[PDB]
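This report concerns only the one structure given below.
First listed ligand is number 1; within each ligand, the first listed atom is number 1. Order of the sequence lines fixes the chain letters, A, B, ..., with proteins taken first and strands second; residue numbering starts at 1 for each chain.
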Amino acid sequence: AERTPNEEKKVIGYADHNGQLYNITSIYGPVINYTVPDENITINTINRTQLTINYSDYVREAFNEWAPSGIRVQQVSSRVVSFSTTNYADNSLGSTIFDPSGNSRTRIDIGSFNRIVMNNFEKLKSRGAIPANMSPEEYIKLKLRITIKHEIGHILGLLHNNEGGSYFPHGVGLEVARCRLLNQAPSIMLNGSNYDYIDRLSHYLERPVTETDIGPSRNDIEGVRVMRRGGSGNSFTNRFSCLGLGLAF
Amino acid sequence: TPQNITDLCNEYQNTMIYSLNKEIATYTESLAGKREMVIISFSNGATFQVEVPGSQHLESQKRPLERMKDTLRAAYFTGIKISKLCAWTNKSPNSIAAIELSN
Amino acid sequence: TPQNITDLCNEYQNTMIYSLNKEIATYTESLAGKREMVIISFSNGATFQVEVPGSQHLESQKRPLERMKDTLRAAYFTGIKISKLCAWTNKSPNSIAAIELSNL
Amino acid sequence: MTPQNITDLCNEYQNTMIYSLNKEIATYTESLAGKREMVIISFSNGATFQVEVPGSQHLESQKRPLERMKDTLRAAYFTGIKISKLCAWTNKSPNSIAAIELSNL
Amino acid sequence: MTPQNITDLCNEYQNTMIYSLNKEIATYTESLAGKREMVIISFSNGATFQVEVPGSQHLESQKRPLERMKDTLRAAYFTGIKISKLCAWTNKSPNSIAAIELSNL
Amino acid sequence: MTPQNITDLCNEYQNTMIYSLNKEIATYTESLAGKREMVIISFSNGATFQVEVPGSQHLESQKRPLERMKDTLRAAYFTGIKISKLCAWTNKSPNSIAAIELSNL
Ligand SMILES: [Zn+2]
C-alpha cells in the first residue's frame with residue numbers, strides 16, 4: 001500500500017463552546033438506540049438503471065463497521081438517533097444533524113442520488129479507482145454504504161478531516177486521536193467537497209476499490225474511542241492515539 | 001535485589017513513596033548555569049525535581065539522571081499516569097530517586 | 001532551589017518571561033560551522049534561540065543545551081503548546097534559559 | 001556461528017531460559033538511586049525481570065547494549081506492545097534480561 | 001550578527017542556497033558502510049540532498065550537530081511532516097544540508 | 001563519485017547486494033549478551049538480516065552508524081513501516097545490513 005498523506009489521516013471531533021469534546025456515551029447512553037423506517041430505498045438513474053435495498057440492513061452493516069470503536073447499538077422500532085430518507089434533490093447525497101440532546105438525525109436524500117450518484121462513474125472507471133467490472137447497480141450500492149458509513153461518523157461525534165478550528169452550531173472542531181506514525185487508509189470522514197474518498201482509497205490501495213475495502217480507518221476508530229469518553233480537547237490522551245511510538249526514537 | 005519500587009525505596013534513608021496515579025500537569029526544564037534541572041508538578045500542587053548533577057551523585061548515576069529526565073518528558077508529552085514516585089524528602093522540591101508506571 | 005520557572009528566571013540577570021500558550025510555528029536547525037544552533041518562532045513572530053555552545057557556558061550546561069534542543073524539536077513535531085519561556089534578553093534572538101510546558 | 005534467532009542465541013549461554021510471553025508489560029520501574037541504577041519490568045501474572053546495574057560482570061561491549069535494552073523496554077511499555085519472548089538469566093532475582101524478541105502478525 | 005531565520009543563516013556562507021520544498025521526504029536512505037556513513041533524502045520532484053560523511057571539512061563543534069540533523073530527517077520521514085526549506089551547499093553532489101526549516105503554514 | 005541512492009552505494013562494495021522488499025519487519029530481536037550484542041530482523045517470508053556485533057571489521061567511523069541503524073530498525077519495527085530496499089553483505093549469515101532505504105513509493 002502507498003503512504004496516505006497526514007492530512008487524509010487527520011480526524012476531527014466535535015467539541016463544545018469551551019473546548020470540551022462531546023461525550024457520545026453521555027449523549028446516547030451506553031447503547032445507541034436508533035430508529036429506521038420500513039421502506040427499502042428506491043434510487044434509480046438514467047444514462048436507465050434499476051435498484052432497491054433495505055435501509056435497515058445498511059444502517060445495520062455500517063454500524064458494525066464502526067464496532068471496533070467499542071460502541072454498541074440496537075435498532076428500536078418507530079431523544080433517539082433517527083435515520084430517514086428525503087427528496088430535496090439538492091446536490092448532497094447525505095446529511096446528519098449532531099444533537100447533544102441525543103436526537104441526532106441522519107437523512108439519505110433519494111432525489112439527489114437519482115440525479116448525481118453516477119456523475120463520477122467513468123472518471124472513476126478510467127482512472128481505475130473502481131473495477132471496470134462493476135455495474136451501474138453496484139457503484140450505486142458502494143456510494144450508498146460509503147455515504148451511510150460517513151454519516152455514522154457524524155452521529156458518533158466526528159467532523160470532516162479539514163474542519164479543525166472551524167465553528168459549528170454546538171461548538172468547534174478539534175483534532176483528536178492523531179497518529180502520523182502508522183500508515184493506514186484515508187479517513188472515511190474526508191470532506192467530500194475537497195476529496196473523492198473512492199479515488200483517495202484507490203490511490204492508497206494501488207488498485208481498484210470494492211466494498212470490502214471501504215470503512216472507518218484506524219484513526220477514525222480511535223477518534224470515536226475519544227468521543228466515547230469525551231473530556232478536554234487539549235488532553236494529550238485525547239489529542240494523540242500513538243504518541244507512545246515516539247519512545248522508539 | 002529489590003523487586004519493586006517500594007523495596008528499592010526502603011533501602012534508602014530520607015526517602016518516601018508517593019502514590020499518585022496522576023498525569024504530570026507541569027513540566028519545567030532549565031539549562032541555566034548551576035540550575036540544570038527538571039521540575040514537574042501534579043494537579044494537586046505536588047512538586048518534584050530531578051536534581052542538578054553534583055558531588056552527591058556517583059559516576060554510575062550520571063546517565064540514569066539523564067534517563068529519568070527523558071522518561072519524565074515522555075510521560076508529560078503522552079499524558080500517561082505516573083503510578084508511584086520514590087523521592088528524597090530532605091530536598092526541596094522533593095527529589096526523584098525512582099518512578100513506577102503501571103497499567 | 002526554585003519551584004517553578006518564575007522563581008528560576010528571577011535568579012538570573014538579564015532575563016524575561018514570555019507566556020505564550022502557543023505551539024511552535026517554525027523550527028530551524030543548523031549544523032553550519034560556528035552557527036550550530038536552533039531557532040524557533042511563534043505565530044505572532046516572537047523568536048528565540050538555543051545558543052551555539054561556547055565559552056559563556058559551563059561544562060555542566062553542555063548536555064542541557066542538547067536536551068533543550070531535543071525538547072523544542074519534540075514540541076514542534078507534536079504541536080504541544082509552550083506555556084512559558086525564560087530567556088536572556090541580551091542576545092538576539094532572545095536566548096532560551098528555561099521552558100515550561102503546562103496542560104491544565 | 002552467528003545465531004539466527006533468540007532461541008539459538010539463548011542456547012549459547014549457561015543459566016538462561018526462554019520465556020514465551022506474548023504479553024504487554026504491566027509495570028515499568030526505573031531507578032537512578034545510587035548502586036540501584038536499574039530498570040524492572042513485571043507482567044500481570046507477577047513475573048518480574050530486570051536489566052542489571054552495570055558492573056564487573058559486564059564487558060565494555062555490553063555497556064551501550066544495556067542502555068539500548070532499557071530504551072527498548074521503556075518504548076515497549078509506553079506503546080503497550082506485546083513482548084513475544086525474553087531470554088533471561090535464571091540465577092538472578094528478578095531474572096535478568098539477556099535478549100528480547102518482538103513479533104507481529 | 002546572529003541570524004534570525006534560515007535565510008539569514010544561509011546568507012553567511014559561500015556556496016549555499018535556500019531550497020523551498022514544502023513537501024514531505026519521499027525517500028530516506030541511511031548507510032553504515034565504511035567511508036559512506038551518510039544519509040540521503042529525496043523529494044517527489046526528484047530533488048536529492050545528503051548529510052555528509054563526517055570528515056576534515058567539519059569542525060569539532062559540527063560533529064554532534066551532524067548526528068542531530070540525521071535524527072531530525074529520520075523523524076521527519078517517519079512522521080511525514082513537511083520540510084519547508086533546506087539550506088544546502090551547491091558544490092557537493094547530492095547537495096549537502098547545512099540547515100533545515102520546518103514550518104506549519 | 002558520491003552515490004545518489006542506495007543502489008549506487010551498494011555497487012561500490014564487494015559482496016553486497018540489493019534486496020527489494022517493500023515489507024514491514026515481522027520479528028525484531030535484540031541482544032545485550034556478551035559477544036552477541038546485536039540486532040536481528042526477519043520478514044514474513046523468512047528473510048533474515050543482522051546488524052553485526054561491533055568488531056575489527058568496522059572503522060571507528062562506523063561505530064556510531066551501527067548504533068544509528070539499530071535505532072532505525074527498532075523504530076521501523078514499532079511503526080510497521082515498509083522497508084523498500086536493504087543493501088546487505090551476502091558473505092555473512094544472516095546477511096548483514098550495510099544500508100537501508102525507506103520509500104513512500
Ligand atoms: Zn460529512
Side-chain angles (χ1 to χ4, degrees), chain A residues 4-5 7-16 21-22 24 27-28 32 34 36 41 43 55 58-59 61-63 65-66 69 71 81-86 88-100 103-113 115-117 119-120 124 140-177 184-201 209 211 213-224 226-227:
Chain A
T4 304
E7 185 58 23
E8 296 177 29
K9 307 188 291 186
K10 180 186 284 175
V11 176
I12 306 301
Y14 208 148
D16 58 32
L21 295 158
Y22 283 100
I24 64 168
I27 291 170
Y28 299 132
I32 295 183
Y34 68 95
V36 177
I41 277 186
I43 314 155
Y55 202 26
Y58 274 49
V59 179
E61 197 280 335
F63 255 130
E65 294 268 278
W66 288 94
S69 71
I71 53 140
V81 174
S82 316
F83 288 81
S84 61
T85 57
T86 58
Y88 295 97
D90 170 275
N91 187 34
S92 161
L93 297 183
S95 181
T96 293
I97 300 186
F98 184 77
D99 176 30
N103 191 30
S104 289
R105 339 179 298 156
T106 283
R107 65 182 183 87
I108 294 295
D109 200 89
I110 307 299
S112 280
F113 269 90
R115 176 63 177 86
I116 71 172
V117 75
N119 272 24
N120 283 113
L124 282 191
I140 293 170
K141 326 159 112 156
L142 173 58
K143 227 76 177 42
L144 206 83
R145 294 184 182 277
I146 296 179
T147 300
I148 292 190
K149 293 169 196 197
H150 176 90
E151 294 313 311
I152 307 291
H154 286 318
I155 292 296
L156 298 175
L158 300 185
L159 299 166
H160 297 138
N161 73 301
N162 54 13
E163 283 169 351
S166 291
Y167 281 68
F168 295 91
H170 295 120
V172 61
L174 290 187
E175 188 180 356
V176 295
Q184 50 185 283
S187 176
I188 197 164
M189 306 304 296
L190 289 183
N191 195 323
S193 295
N194 313 98
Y195 307 86
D196 180 68
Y197 173 73
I198 299 185
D199 194 46
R200 301 316 300 160
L201 184 55
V209 161
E211 310 195 338
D213 286 331
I214 72 177
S217 68
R218 182 223 177 253
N219 287 1
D220 287 338
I221 296 300
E222 290 308 307
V224 176
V226 171
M227 299 312 294

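Under the rule for a side chain to side chain donor-acceptor pair (under 3.5 Å), the partners of A:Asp213 that lie at least two apart in sequence or sit in another chain are A:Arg207.
Side-chain contact annotation: A:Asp196 with A:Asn120, donor-acceptor N/O pair under 3.5 Å absent.
Looking at A:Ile108, A:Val36, A:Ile41, A:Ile148 one by one, the single match for side-chain contact (heavy atoms from CB on, under 4.5 Å) with A:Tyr58 turns out to be A:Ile148.
A:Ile24 CD1 to A:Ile155 CD1: the interatomic distance, rounded to the nearest 0.5 Å, is 10.0 Å.
Protein N/O/S atoms closer to the Zn ion (ligand 1) than 2.8 Å number 3 in this structure.
In this structure, A:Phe63 has its ring center under 6.0 Å from that of A:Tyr34.
Salt bridge annotation for A:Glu211-A:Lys141: absent, with no cationic side-chain nitrogen under 4.0 angstrom from a carboxylate oxygen.
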